[PDB]
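Engineer: I have a structure here, written as structure tokens, and I will follow up with some questions on it.
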Amino acid sequence: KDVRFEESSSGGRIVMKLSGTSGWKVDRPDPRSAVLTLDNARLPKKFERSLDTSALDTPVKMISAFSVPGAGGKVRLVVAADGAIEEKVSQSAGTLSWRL
């Protein structure tokens, strides 16, 4: 597992690597940040690295990855945002997740 950030004309993009997943996680679009839980996708603390996309002129303040959050086997993603924005999930394949 791992997280990544990039941009396209739609704006800021968060490409997440999900190895060992079948269905889809729980996308929770909040007014502050984003939440993505992956059951049975518990990632190691050695892969919960965060991003530093500060002053990138994007709606995404900064990406933050965190393993444990109080539920066995679950993982969690925190994508801080700012101002009005829209979330768009894309599944190019069974394992690769993206957030435009």
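Going by the structure tokens order, chains are called A, B, ..., each with residues numbered from 1, while ligands are numbered from 1 in the order shown.
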Using DSSP on the backbone, list every residue of chain A that comes out as strand (DSSP E), and give them as a PDB file with C-alpha atoms, in the first residue's frame.

Structural biologist:
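Okay, this is what ended up in part31.pdb:
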ATOM      1  CA  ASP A   2       1.046   3.603  -0.626  1.00  0.00           C
ATOM      2  CA  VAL A   3      -0.236   7.101  -1.391  1.00  0.00           C
ATOM      3  CA  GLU A   6      -0.409  14.807  -8.684  1.00  0.00           C
ATOM      4  CA  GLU A   7      -2.521  17.203 -10.725  1.00  0.00           C
ATOM      5  CA  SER A   8      -4.466  17.272 -13.937  1.00  0.00           C
ATOM      6  CA  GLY A  11      -7.141  19.897 -10.408  1.00  0.00           C
ATOM      7  CA  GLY A  12      -5.451  17.936  -7.601  1.00  0.00           C
ATOM      8  CA  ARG A  13      -5.359  14.166  -7.740  1.00  0.00           C
ATOM      9  CA  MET A  16      -3.595   5.567  -3.874  1.00  0.00           C
ATOM     10  CA  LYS A  17      -2.073   2.105  -4.273  1.00  0.00           C
ATOM     11  CA  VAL A  26     -15.804   4.081   2.160  1.00  0.00           C
ATOM     12  CA  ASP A  27     -15.507   7.573   0.677  1.00  0.00           C
ATOM     13  CA  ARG A  28     -16.532  10.278   3.149  1.00  0.00           C
ATOM     14  CA  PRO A  29     -16.424  13.769   1.648  1.00  0.00           C
ATOM     15  CA  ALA A  34     -11.621  13.373   3.252  1.00  0.00           C
ATOM     16  CA  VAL A  35     -11.934   9.871   4.702  1.00  0.00           C
ATOM     17  CA  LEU A  36     -11.179   6.539   3.032  1.00  0.00           C
ATOM     18  CA  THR A  37     -11.420   3.242   4.915  1.00  0.00           C
ATOM     19  CA  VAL A  60      -5.995  19.785  -1.666  1.00  0.00           C
ATOM     20  CA  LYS A  61      -4.173  21.260   1.329  1.00  0.00           C
ATOM     21  CA  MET A  62      -2.070  18.151   1.951  1.00  0.00           C
ATOM     22  CA  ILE A  63      -2.416  14.366   1.831  1.00  0.00           C
ATOM     23  CA  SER A  64      -1.957  12.363   5.031  1.00  0.00           C
ATOM     24  CA  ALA A  65      -1.827   8.577   5.381  1.00  0.00           C
ATOM     25  CA  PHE A  66      -2.522   6.785   8.665  1.00  0.00           C
ATOM     26  CA  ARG A  76      -7.723   5.380   6.824  1.00  0.00           C
ATOM     27  CA  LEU A  77      -6.817   8.300   4.559  1.00  0.00           C
ATOM     28  CA  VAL A  78      -6.897  12.015   5.371  1.00  0.00           C
ATOM     29  CA  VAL A  79      -6.923  14.473   2.469  1.00  0.00           C
ATOM     30  CA  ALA A  80      -7.180  17.994   3.876  1.00  0.00           C
ATOM     31  CA  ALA A  81      -8.898  20.469   1.556  1.00  0.00           C
ATOM     32  CA  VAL A  89     -13.145   8.651  -7.367  1.00  0.00           C
ATOM     33  CA  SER A  90     -11.762   6.655 -10.296  1.00  0.00           C
ATOM     34  CA  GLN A  91     -11.005   2.935 -10.511  1.00  0.00           C
ATOM     35  CA  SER A  92      -8.712   2.187 -13.452  1.00  0.00           C
ATOM     36  CA  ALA A  93      -8.332  -1.339 -12.080  1.00  0.00           C
ATOM     37  CA  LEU A  96      -5.654   1.178  -7.968  1.00  0.00           C
ATOM     38  CA  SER A  97      -7.684   3.981  -6.391  1.00  0.00           C
ATOM     39  CA  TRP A  98      -7.702   7.662  -7.351  1.00  0.00           C
ATOM     40  CA  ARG A  99      -9.268  10.874  -6.051  1.00  0.00           C
TER      41      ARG A  99
END

Engineer: For a test of reading the model, state the distance in Å between atom CA of residue A:41 and atom CA of residue A:86, rounded to one decimal.

Structural biologist: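 Spanning atom CA of residue A:41 to atom CA of residue A:86 is a straight-line distance of 25.4 Å.
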
Engineer: What does the distance between atom CA of residue A:1 and atom CA of residue A:47 come to in Å, to one decimal place?

Structural biologist: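 Separation of atom CA of residue A:1 and atom CA of residue A:47: 6.6 Å.
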
Engineer: Report the distance between atom CA of residue A:14 and atom CA of residue A:43 in Å, rounded to one decimal place.

Structural biologist: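 Spanning atom CA of residue A:14 to atom CA of residue A:43 is a straight-line distance of 17.0 Å.
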
Engineer: Have a look at A:94, A:69, A:83, A:20 and name the one nearest to residue A:33; count only C-alpha atoms.

Structural biologist: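 Nearest candidate to residue A:33 out of A:94, A:69, A:83, A:20: A:83.
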
Engineer: Name all residues at most 6 Å from stretch 73-75 of chain A (count only C-alpha atoms; drop same-chain ones fewer than 5 positions away) and give them as a PyMOL selection string.

Structural biologist: chain A and resi 37-42+67

Engineer: Taking N, CA, C and O atoms for each residue, export the selection above as a PDB file, in the first residue's frame.

Structural biologist:
ATOM      1  N   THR A  37     -11.704   4.451   4.145  1.00  0.00           N
ATOM      2  CA  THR A  37     -11.420   3.242   4.915  1.00  0.00           C
ATOM      3  C   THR A  37     -11.392   2.012   4.014  1.00  0.00           C
ATOM      4  O   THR A  37     -12.242   1.855   3.133  1.00  0.00           O
ATOM      5  N   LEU A  38     -10.412   1.144   4.237  1.00  0.00           N
ATOM      6  CA  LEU A  38     -10.274  -0.075   3.446  1.00  0.00           C
ATOM      7  C   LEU A  38     -10.229  -1.305   4.345  1.00  0.00           C
ATOM      8  O   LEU A  38      -9.187  -1.644   4.902  1.00  0.00           O
ATOM      9  N   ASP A  39     -11.371  -1.974   4.482  1.00  0.00           N
ATOM     10  CA  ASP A  39     -11.464  -3.170   5.310  1.00  0.00           C
ATOM     11  C   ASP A  39     -10.486  -4.238   4.834  1.00  0.00           C
ATOM     12  O   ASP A  39     -10.371  -4.496   3.635  1.00  0.00           O
ATOM     13  N   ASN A  40      -9.786  -4.859   5.777  1.00  0.00           N
ATOM     14  CA  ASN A  40      -8.818  -5.902   5.453  1.00  0.00           C
ATOM     15  C   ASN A  40      -7.684  -5.343   4.603  1.00  0.00           C
ATOM     16  O   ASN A  40      -7.060  -6.068   3.828  1.00  0.00           O
ATOM     17  N   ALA A  41      -7.420  -4.049   4.752  1.00  0.00           N
ATOM     18  CA  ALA A  41      -6.355  -3.393   4.001  1.00  0.00           C
ATOM     19  C   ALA A  41      -5.376  -2.697   4.938  1.00  0.00           C
ATOM     20  O   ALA A  41      -4.669  -1.770   4.544  1.00  0.00           O
ATOM     21  N   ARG A  42      -5.338  -3.148   6.189  1.00  0.00           N
ATOM     22  CA  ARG A  42      -4.446  -2.567   7.183  1.00  0.00           C
ATOM     23  C   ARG A  42      -3.037  -2.400   6.630  1.00  0.00           C
ATOM     24  O   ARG A  42      -2.359  -3.376   6.316  1.00  0.00           O
ATOM     25  N   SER A  67      -2.280   4.474   9.364  1.00  0.00           N
ATOM     26  CA  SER A  67      -2.663   3.073   9.483  1.00  0.00           C
ATOM     27  C   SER A  67      -3.751   2.890  10.534  1.00  0.00           C
ATOM     28  O   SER A  67      -3.633   3.385  11.657  1.00  0.00           O
TER      29      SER A  67
END

Engineer: For each of A:68, A:54, A:44, A:31, take the minimum atom-to-atom distance to residue A:85, counting only C-alpha atoms, then give the residue where this is smallest.

Structural biologist: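 Among the listed residues, A:31 lies closest to residue A:85.
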